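Each remark here refers to the structure printed beneath this line.
Both backbone and side-chain heavy atoms feed into the values below; hydrogens, waters and symmetry mates do not. A note on names: the letters A, B, ... follow the listed sequences, proteins ahead of strands, and every chain is numbered from 1. In listed order, ligands and their atoms are each counted from 1.
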Amino acid sequence: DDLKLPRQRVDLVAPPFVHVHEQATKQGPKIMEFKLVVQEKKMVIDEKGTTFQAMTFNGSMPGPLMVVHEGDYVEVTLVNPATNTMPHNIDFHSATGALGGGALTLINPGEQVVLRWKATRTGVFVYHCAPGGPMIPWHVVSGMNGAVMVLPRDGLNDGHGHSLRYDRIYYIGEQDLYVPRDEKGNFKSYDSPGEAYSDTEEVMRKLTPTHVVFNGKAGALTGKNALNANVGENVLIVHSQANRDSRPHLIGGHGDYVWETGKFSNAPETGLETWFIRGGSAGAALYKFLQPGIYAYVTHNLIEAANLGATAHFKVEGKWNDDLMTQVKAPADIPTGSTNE
Amino acid sequence: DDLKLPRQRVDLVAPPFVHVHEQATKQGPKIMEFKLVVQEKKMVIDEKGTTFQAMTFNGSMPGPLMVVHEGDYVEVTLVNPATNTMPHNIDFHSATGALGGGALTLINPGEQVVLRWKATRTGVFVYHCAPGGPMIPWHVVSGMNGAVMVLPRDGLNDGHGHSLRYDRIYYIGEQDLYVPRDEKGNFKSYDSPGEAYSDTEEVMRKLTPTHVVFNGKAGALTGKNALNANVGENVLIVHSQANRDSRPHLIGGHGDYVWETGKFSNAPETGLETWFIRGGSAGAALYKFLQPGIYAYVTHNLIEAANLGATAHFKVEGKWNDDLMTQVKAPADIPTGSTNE
Amino acid sequence: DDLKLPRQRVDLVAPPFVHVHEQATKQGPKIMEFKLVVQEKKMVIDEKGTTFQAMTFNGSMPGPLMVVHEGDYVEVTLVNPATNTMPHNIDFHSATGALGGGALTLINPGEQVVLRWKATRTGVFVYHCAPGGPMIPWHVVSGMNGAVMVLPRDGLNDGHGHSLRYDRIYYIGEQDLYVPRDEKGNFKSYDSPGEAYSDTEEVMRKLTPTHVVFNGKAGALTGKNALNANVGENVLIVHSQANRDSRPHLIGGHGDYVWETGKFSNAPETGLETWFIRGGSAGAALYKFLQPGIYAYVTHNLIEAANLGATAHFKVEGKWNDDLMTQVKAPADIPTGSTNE
Ligand SMILES: [Cu+2]
Ligand SMILES: [Cu+2]
Ligand SMILES: [Cu+2]
Ligand SMILES: [Cu+2]
Ligand SMILES: [Cu+2]
Ligand SMILES: [Cu+2]
């Protein structure tokens, strides 16, 4: 029975940015059309230049954020070009049936498939490849995961009948990676994903990542690729982790409104210091910036954040508020008449 | 001062099934009588036939689910037959005082003990052995843990004054296991729990399980022992983990109503993709099946799920709903006029 | 523009105790003055006498609990005596701007600094050192972390308009430690923090602690330093973990009211068995003791609790309530007419 709704083609953009969308809408349900192209390729994952045999949707880790509204249909064309070596598929945690779509989307290199799923559940959700068996974790931790956001048609709210609107949105995909080392402790390089598999599975089995990165590599979202904001802006930070827990924290800020389980039918928690993304999920936090300067956005296992790659920066423009915080006395020599024992 | 209430003897059944019970009841408080018999025995824990020196309540991992109502008394006869080698006891996280009952239930082989605890707290709760000191984790990770459910007398509700009723209930006990390996990486076998202890403690200390299983072994709840359901049924899935965190996910479904901390005085969260069972607790999720087919129920560390044992299946009978999901175009060769870069 | 409020100097006390404070107050906002003195020193961390090159605020792990009210200003003098070897600073997760204060408080040995932050966010919050880069995790896991509590001016409430008042408060700071071992597996000793660093970083990178302790050492809060309470007392247990997740559980009790994300703008959950402190946060639980005796307070990874150091005790005075729990029959030989198969 043909589905007779308007169609809208969406052009995806690379994370941490997000394709243009409306928050609140008075449009009715549409068939929202997306295309994802699998790309297997070697990628650089850390500041020392370590390479990795990655597998991606659309060439990025994470895959791009898709945004629709409650009641829309999502029609995804998944493409597996013949330059790839592996079969792939896609599982939407937002979707109902057939293992999230994985049981309807298995494609060999040289094939494509078209899946439609109804967006009946609001929130942010993981999507990931899941070919079967041990290939499921391997494809996911090789980079084959992203997220989809299903907004209420009226946009976000605080769970107490007040509208919430973001000025800016960023998507932070966190990736646990498992890179083999040689006898001397150096990371090993491989010429194909298949050649990396056996050694990689051994590292995976011990459940300790070698790297934990945002946007696919250590330092991806620092330096010149820091995330911009301004004092007074309400920023939505979507965070996903398809395989392993995370504990996001905005250093020098808070989560004003946090859906740590990621589902907008639940009221957000207020005023959090650190929240928790359970592996296999996406969550989201709103924050209104109150101070200018550099903020570091981390997982608050600080070892992961500082030493395995999992730090992003915000650079926030505006005027400093000395009522909220001030340096009363700059560093000075301890007074000779001090005690301090 | 004798307690003058009606007595009801309950016959426990092996997980993942649950003894017969009422959800809502107009019966008053009763003394609900249960018996648990400790059994130390070698068990098979994975598809390659690895054996393990297990210690169990009632011969199963997990121990059986006990179900009572708020205000009932629970009178447990704990039996430690003289064929066992170790002292054992029982700690109910549902109970108040004496380390959950552990300080009143320590029995040598050849002894039994009778503990009564009042079910003053609603929810699902862990029970476990806890003899003292380093024996506490060892007995728990050797299999000596289960769960108890204390239902409100009016049954479950959504926290907004609407009754919730399940058509079916399953109990998923997740077990982290720590099996020693020899110099070549093969799992070691032992002739007794005591002989396994020193080598097992060394693996335990590094906090990385070798196996993470549902119902005591990899593949326990797949193949012919898949969990049955039908389209339209509301299924309650109780999940426990006595020692280590888990992140349950129903692949192709959701948690319609989830008590991830497991306590029915709190309203459930709605529409979750993945939830979180903190180690040392039980949680519960309701889901109404909307699509037929195979569903995989996992912890969403996919390495744990696919490679360490932690996958169950549901086989759901009914009619496919093409409005919720459909394969618009089956796999086909990428059109020659396609781009895809 | 000078801030013209009354000033109040607070004398901090060593954990697990808490400086005197009011729960509800009709005082207006004050500038609450605190001093923290960094101390680098070797400390004993386990029952076998293992030593560790620690770095602390005020000589303790955790640093002391600071207590203020919503709307107060907190003026902290941070002192780094010239006997220390390292630069230090302080990041308050309760504060807004400048990386929580870290970007305004970096002091060399022989210096001090004065930071003021407005207590605009209610809850319990971590504070920690964060000098920069890989020094951030190293200083934190060397002991440089504590917590601050920002109470509502009306004190705590249940989120349903009922006041909650504690009779007693304890602060449990949990510390993950990473102690190097030699080729034979023995813990290594060092003459300075700098000399320990390279070997310690290698252990940190594998993300598995060697020790997980409360109040700075295994057994700190057992034996003669057990935590006292009485039947009928409502006890607030503040728990922090600056780097790694924890799952607190009171063995033989419950969490009557739990803010596991730690922020008093959110209603607490009721009747929990086990709760979850996400690494980089503090949470809090109220419990009214109903039974006398020993209680063990653990992280419910029981391996961590029994074998890596993470057990505290409460010793509770009062009268046993046989209605809540009783030993119906003491241990006895299994009756000859028993079956039990
Ligand atoms: Cu794939
Ligand atoms: Cu998934
Ligand atoms: Cu036992
Ligand atoms: Cu327990
Ligand atoms: Cu420091
Ligand atoms: Cu921090």
Contact flag B:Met144/the Cu ion (ligand 3), N/O/S atoms, threshold under 2.8 Å = yes

Any donor-acceptor pair under 3.5 Å from B:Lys41 side chain to B:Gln39 backbone = no

The Cu ion (ligand 2) reached by B:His249 (N, O or S, under 2.8 Å) | no

Report yes or no: is the cationic atom of A:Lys263 (NZ for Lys, CZ for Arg) closer than 6.0 Å to the six-membered ring centre of A:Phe125, at no more than 45° off its axis?
-> yes

Do A:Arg121 and B:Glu273 meet the salt-bridge criterion of a basic N to acidic O distance under 4.0 Å?
-> no

Cationic N near anionic O, under 4.0 Å, B:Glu304 to A:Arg244 = no

The Cu ion (ligand 3) to B:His139: nearest N/O/S atom name = ND1

In B:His88, which N, O or S atom comes closest to the Cu ion (ligand 3)?
-> ND1

Are the side chain of B:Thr274 and the backbone of A:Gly280 linked by a donor-acceptor contact shorter than 3.5 Å?
-> yes

2.8 Å cut-off met by an N, O or S atom of C:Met86 to the Cu ion (ligand 5) | no

NE2 (B:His300) to the Cu ion (ligand 2) to NE2 (A:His93) angle, given to the nearest 10 degrees | 100°

